[PDB]
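**Student:** Just one file: target11.csv, with CSV, C-alpha atoms.
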chain,number,residue,atom,x,y,z
D,1,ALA,CA,5.5,-17.1,7.9
D,2,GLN,CA,3.6,-14.7,5.6
D,3,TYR,CA,5.3,-11.6,6.8
D,4,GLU,CA,9.1,-12.2,7.4
D,5,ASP,CA,11.9,-10.0,8.6
D,6,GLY,CA,14.3,-9.3,5.8
D,7,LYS,CA,11.4,-9.8,3.3
D,8,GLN,CA,8.7,-7.2,3.4
D,9,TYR,CA,10.5,-5.3,6.1
D,10,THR,CA,13.8,-5.2,8.0
D,11,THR,CA,14.3,-4.6,11.8
D,12,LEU,CA,16.5,-1.9,13.2
D,13,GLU,CA,19.6,-3.2,14.8
D,14,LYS,CA,19.2,-0.2,17.1
D,15,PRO,CA,15.6,0.8,17.7
D,16,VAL,CA,14.7,4.5,18.2
D,17,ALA,CA,12.9,5.4,21.4
D,18,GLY,CA,9.9,7.8,21.2
D,19,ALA,CA,9.9,8.1,17.4
D,20,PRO,CA,6.6,8.9,15.5
D,21,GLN,CA,4.3,6.0,14.8
D,22,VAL,CA,4.5,6.1,11.0
D,23,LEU,CA,7.6,8.0,9.8
D,24,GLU,CA,8.2,8.6,6.1
D,25,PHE,CA,11.3,10.2,4.5
D,26,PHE,CA,11.6,11.6,1.0
D,27,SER,CA,13.4,14.1,-1.2
D,28,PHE,CA,12.0,16.2,-4.0
D,29,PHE,CA,15.1,15.0,-5.9
D,30,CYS,CA,14.1,11.4,-5.4
D,31,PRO,CA,12.7,9.6,-8.5
D,32,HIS,CA,10.9,6.8,-6.6
D,33,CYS,CA,9.5,9.4,-4.2
D,34,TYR,CA,7.9,11.2,-7.2
D,35,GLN,CA,6.3,7.9,-8.2
D,36,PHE,CA,5.3,7.2,-4.5
D,37,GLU,CA,3.6,10.6,-4.5
D,38,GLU,CA,2.2,11.2,-8.0
D,39,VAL,CA,1.6,7.7,-9.3
D,40,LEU,CA,1.1,5.4,-6.3
D,41,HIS,CA,-0.2,7.8,-3.6
D,42,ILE,CA,1.5,5.6,-1.0
D,43,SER,CA,1.1,7.9,2.0
D,44,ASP,CA,-2.5,8.2,1.4
D,45,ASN,CA,-3.3,4.5,0.9
D,46,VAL,CA,-1.3,3.7,4.1
D,47,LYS,CA,-3.4,6.2,6.0
D,48,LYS,CA,-6.6,4.6,4.7
D,49,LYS,CA,-5.7,1.3,6.3
D,50,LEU,CA,-4.0,2.5,9.5
D,51,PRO,CA,-5.9,2.2,12.7
D,52,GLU,CA,-7.0,5.7,13.7
D,53,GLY,CA,-5.4,7.2,16.7
D,54,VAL,CA,-2.2,6.7,14.6
D,55,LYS,CA,-0.2,9.8,13.6
D,56,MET,CA,1.5,10.0,10.2
D,57,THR,CA,4.7,11.9,9.8
D,58,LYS,CA,6.6,12.8,6.6
D,59,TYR,CA,10.1,14.5,6.6
D,60,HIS,CA,12.4,15.9,3.8
D,61,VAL,CA,16.1,14.9,3.7
D,62,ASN,CA,19.3,16.8,2.9
D,63,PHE,CA,21.5,14.2,1.3
D,64,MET,CA,20.2,14.7,-2.3
D,65,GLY,CA,20.7,17.8,-4.4
D,66,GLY,CA,23.3,19.5,-2.3
D,67,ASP,CA,22.5,23.1,-1.5
D,68,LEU,CA,19.1,23.1,-3.1
D,69,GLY,CA,18.3,19.8,-1.2
D,70,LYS,CA,18.9,21.7,2.1
D,71,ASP,CA,16.8,24.7,0.8
D,72,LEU,CA,14.1,22.1,0.1
D,73,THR,CA,14.2,20.7,3.7
D,74,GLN,CA,13.8,24.3,5.1
D,75,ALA,CA,10.8,24.9,2.7
D,76,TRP,CA,9.2,21.7,3.7
D,77,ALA,CA,9.5,23.0,7.3
D,78,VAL,CA,7.7,26.1,6.1
D,79,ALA,CA,5.1,23.9,4.5
D,80,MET,CA,4.6,21.9,7.7
D,81,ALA,CA,4.4,25.1,9.8
D,82,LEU,CA,1.8,26.8,7.6
D,83,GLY,CA,-0.1,23.5,7.1
D,84,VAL,CA,0.2,23.7,3.3
D,85,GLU,CA,1.8,20.4,2.5
D,86,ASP,CA,-1.0,19.5,0.2
D,87,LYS,CA,-0.7,22.6,-2.0
D,88,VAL,CA,3.0,22.5,-2.6
D,89,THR,CA,4.0,18.9,-2.8
D,90,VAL,CA,3.0,18.3,-6.4
D,91,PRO,CA,4.4,21.6,-7.8
D,92,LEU,CA,7.6,21.1,-5.9
D,93,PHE,CA,8.1,17.5,-7.3
D,94,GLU,CA,7.3,18.7,-10.8
D,95,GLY,CA,9.3,21.9,-10.5
D,96,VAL,CA,12.4,19.8,-9.5
D,97,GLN,CA,12.0,16.6,-11.6
D,98,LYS,CA,9.6,17.4,-14.5
D,99,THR,CA,9.9,20.9,-15.7
D,100,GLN,CA,13.2,21.6,-13.9
D,101,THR,CA,12.3,25.1,-13.2
D,102,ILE,CA,13.4,25.0,-9.5
D,103,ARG,CA,17.0,26.0,-9.4
D,104,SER,CA,17.3,28.3,-6.4
D,105,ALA,CA,15.6,29.2,-3.1
D,106,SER,CA,13.8,31.9,-5.0
D,107,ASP,CA,12.2,29.4,-7.4
D,108,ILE,CA,11.1,27.3,-4.4
D,109,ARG,CA,9.5,30.4,-3.0
D,110,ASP,CA,7.7,31.1,-6.3
D,111,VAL,CA,5.9,27.7,-6.0
D,112,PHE,CA,4.5,28.8,-2.6
D,113,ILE,CA,3.4,32.3,-3.9
D,114,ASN,CA,1.7,30.6,-6.8
D,115,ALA,CA,0.1,28.2,-4.4
D,116,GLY,CA,-1.4,31.2,-2.8
D,117,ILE,CA,0.7,31.7,0.3
D,118,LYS,CA,1.6,35.4,0.8
D,119,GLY,CA,5.2,36.6,0.4
D,120,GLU,CA,5.1,38.2,3.8
D,121,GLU,CA,3.9,35.0,5.3
D,122,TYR,CA,6.4,32.8,3.5
D,123,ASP,CA,9.4,34.9,4.3
D,124,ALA,CA,8.4,35.3,7.9
D,125,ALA,CA,8.0,31.5,8.3
D,126,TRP,CA,11.2,30.9,6.3
D,127,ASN,CA,13.2,32.9,8.8
D,128,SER,CA,11.4,31.9,12.0
D,129,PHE,CA,12.9,29.9,14.9
D,130,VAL,CA,9.8,27.7,14.7
D,131,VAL,CA,11.0,26.7,11.3
D,132,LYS,CA,14.6,26.2,12.5
D,133,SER,CA,13.8,23.5,15.1
D,134,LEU,CA,11.4,22.0,12.5
D,135,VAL,CA,14.4,21.6,10.3
D,136,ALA,CA,16.3,20.3,13.3
D,137,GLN,CA,13.5,17.7,13.9
D,138,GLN,CA,13.7,16.5,10.3
D,139,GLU,CA,17.4,16.1,10.5
D,140,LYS,CA,17.3,14.4,13.9
D,141,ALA,CA,14.8,11.7,12.9
D,142,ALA,CA,16.9,10.9,9.8
D,143,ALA,CA,20.0,10.9,11.9
D,144,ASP,CA,18.4,8.5,14.4
D,145,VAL,CA,18.0,5.8,11.8
D,146,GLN,CA,21.3,6.4,10.0
D,147,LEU,CA,19.3,7.1,6.8
D,148,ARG,CA,21.2,6.7,3.5
D,149,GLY,CA,18.2,6.1,1.2
D,150,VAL,CA,14.7,7.4,0.3
D,151,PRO,CA,11.8,6.7,0.0
D,152,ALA,CA,11.8,5.2,3.4
D,153,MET,CA,9.2,4.4,6.0
D,154,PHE,CA,9.7,3.4,9.6
D,155,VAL,CA,7.0,2.0,11.9
D,156,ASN,CA,7.3,2.7,15.7
D,157,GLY,CA,11.0,3.4,15.4
D,158,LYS,CA,11.7,-0.3,15.0
D,159,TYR,CA,10.7,-1.5,11.6
D,160,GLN,CA,11.7,-0.4,8.1
D,161,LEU,CA,9.6,-1.1,5.0
D,162,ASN,CA,11.4,-3.2,2.4
D,163,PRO,CA,9.7,-2.4,-0.9
D,164,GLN,CA,12.3,-4.4,-2.9
D,165,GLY,CA,10.7,-7.5,-1.6
D,166,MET,CA,7.2,-6.9,-3.0
D,167,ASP,CA,5.4,-7.5,-6.3
D,168,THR,CA,6.0,-4.7,-9.0
D,169,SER,CA,4.2,-6.2,-12.0
D,170,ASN,CA,1.0,-4.5,-10.9
D,171,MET,CA,1.1,-1.0,-9.3
D,172,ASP,CA,-2.1,-1.3,-7.3
D,173,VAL,CA,-1.1,-4.6,-5.8
D,174,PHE,CA,2.3,-3.1,-4.9
D,175,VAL,CA,0.5,-0.3,-3.0
D,176,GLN,CA,-1.9,-2.6,-1.1
D,177,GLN,CA,1.0,-4.9,-0.2
D,178,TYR,CA,2.9,-1.9,1.0
D,179,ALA,CA,0.0,-0.5,3.0
D,180,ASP,CA,-0.9,-3.9,4.5
D,181,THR,CA,2.6,-4.4,5.6
D,182,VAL,CA,2.5,-1.1,7.4
D,183,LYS,CA,-0.7,-2.1,9.1
D,184,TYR,CA,0.7,-5.5,10.2
D,185,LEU,CA,3.8,-3.8,11.6
D,186,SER,CA,1.7,-1.2,13.4
D,187,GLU,CA,-0.3,-3.9,15.2
D,188,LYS,CA,2.9,-5.8,16.1
Take the structure from the file and write it as structure tokens.

**Tutor:**
Amino acid sequence: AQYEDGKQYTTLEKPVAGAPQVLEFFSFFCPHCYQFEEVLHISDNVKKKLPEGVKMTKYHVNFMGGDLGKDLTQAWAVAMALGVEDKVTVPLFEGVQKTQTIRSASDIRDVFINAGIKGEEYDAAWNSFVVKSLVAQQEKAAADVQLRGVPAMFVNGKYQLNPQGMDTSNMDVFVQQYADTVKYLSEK
């Protein structure tokens, strides 16, 4: 065919019931994720081609960067709870991978303060039970698909994007191919 299992995507041996429609996993420690965010704007181009009435979900993962990786999953929970994903994503990526100025929970917090979230508001979120289960949700979704790698995208809890099987000579063509595959899978 044109789209083939094992080529632009793989199928889960054990599908996940009730999973979010488009589920993306990343780490601020993940080099391809940096690219996906900063250079390729993958999430955004997928969105642009998705049928509407479709929800997009993105979660952080623990298995990179040890202790700080976990801090980062909790901070992403804070970002989701406060609705400030779009203000912290770039400085978190660059603070971890570019300038390497994020070395502790306190430095992560600095990024939020500098993004304009108030200390009181961050620390209250950071410590809230609404942030605890949000962390729990992130871990559970990753657990459900036995996730050992990022970046990763899952469609309807059954299909997994396979970027290794797509053109990389041209970055724009890679993105469109990636986004069209998500759309195809979503209509499946």

**Student:** Write out, as JSON lines, each residue of segment 29-75 of chain D that has an atom at most 12 Å from segment 120-126 of chain D, together with the closest pair of atoms and their distance in Å to one decimal, counting only C-alpha atoms, rows going by chain and rising number.

**Tutor:**
{"residue": "D:71", "atom": "CA", "partner": "D:126", "partner_atom": "CA", "distance": 10.0}
{"residue": "D:72", "atom": "CA", "partner": "D:126", "partner_atom": "CA", "distance": 11.1}
{"residue": "D:73", "atom": "CA", "partner": "D:126", "partner_atom": "CA", "distance": 10.9}
{"residue": "D:74", "atom": "CA", "partner": "D:126", "partner_atom": "CA", "distance": 7.2}
{"residue": "D:75", "atom": "CA", "partner": "D:126", "partner_atom": "CA", "distance": 7.0}

**Student:** Mind pulling up the distance from atom CA of residue 98 of chain D to atom CA of residue 166 of chain D?

**Tutor:** 27.0 Å

**Student:** Would you mind reading off the distance between atom CA of residue 146 of chain D and atom CA of residue 67 of chain D, one decimal, in Å?

**Tutor:**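 It comes out at 20.3 Å.
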
**Student:** Nearest to residue 41 of chain D: which of D:158, D:14, D:128, D:90 is it, counting all atoms listed in the file?

**Tutor:** D:90

**Student:** Which distance in Å separates atom CA of residue 63 of chain D and atom CA of residue 18 of chain D, to one decimal?

**Tutor:**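 We find that atom CA of residue 63 of chain D and atom CA of residue 18 of chain D lie 23.9 Å from each other.
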
**Student:** Give me, as a list in words, all polymer residues having an atom no more than 10 Å from residue 130 of chain D, counting all atoms listed in the file and skipping those fewer than 6 positions away in the same chain.

**Tutor:** residues 77, 78, 81 and 136 of chain D

**Student:** Please write as a CSV table (one decimal) with C-alpha atoms, keeping the file's coordinate frame the list of polymer residues whose atoms come within 6 Å of (10.5, 21.1, -7.7), counting only C-alpha atoms and keeping to the coordinates of the file.

**Tutor:**
chain,number,residue,atom,x,y,z
D,92,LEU,CA,7.6,21.1,-5.9
D,93,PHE,CA,8.1,17.5,-7.3
D,94,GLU,CA,7.3,18.7,-10.8
D,95,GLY,CA,9.3,21.9,-10.5
D,96,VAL,CA,12.4,19.8,-9.5
D,102,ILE,CA,13.4,25.0,-9.5

**Student:** For residue 150 of chain D, please output as a ChimeraX atom specification all residues within 9 Å (counting all atoms listed in the file; exclusion window: fewer than 3 positions along the same chain).

**Tutor:** /D:24-27,30,32-33,61,147,153

**Student:** With all atoms listed in the file as the counted atoms, please give the residues lying no more than 12 Å from residue 51 of chain D, apart from itself and same-chain residues fewer than 4 positions off, as an MDAnalysis selection string.

**Tutor:** chainID D and resid 21:22 46:47 55:56 179:180 182:187

**Student:** Using all atoms listed in the file, can you tell me which of D:70, D:87, D:7, D:48 comes closest to residue 105 of chain D?

**Tutor:** D:70

**Student:** Which residue gives the smallest distance to residue 162 of chain D among D:76, D:129, D:178, D:9, with all atoms listed in the file counted?

**Tutor:**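 Closest candidate: D:9.
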
**Student:** Would you please work out which residue, of D:43, D:181, D:127, D:89, is nearest to residue 57 of chain D when using all atoms listed in the file?

**Tutor:**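 Smallest separation from residue 57 of chain D among the options: D:43.
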
**Student:** Which of these, D:62, D:35, D:99, D:11, has the shortest distance to residue 148 of chain D once you count all atoms listed in the file?

**Tutor:**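 For residue 148 of chain D, the nearest of the candidates is D:62.
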
**Student:** Go through D:45, D:114, D:160, D:100 one by one, measure the shortest atom-to-atom distance of each to residue 176 of chain D using only C-alpha atoms, and give the residue with the smallest value.

**Tutor:**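 Closest residue, counting only C-alpha atoms: D:45.
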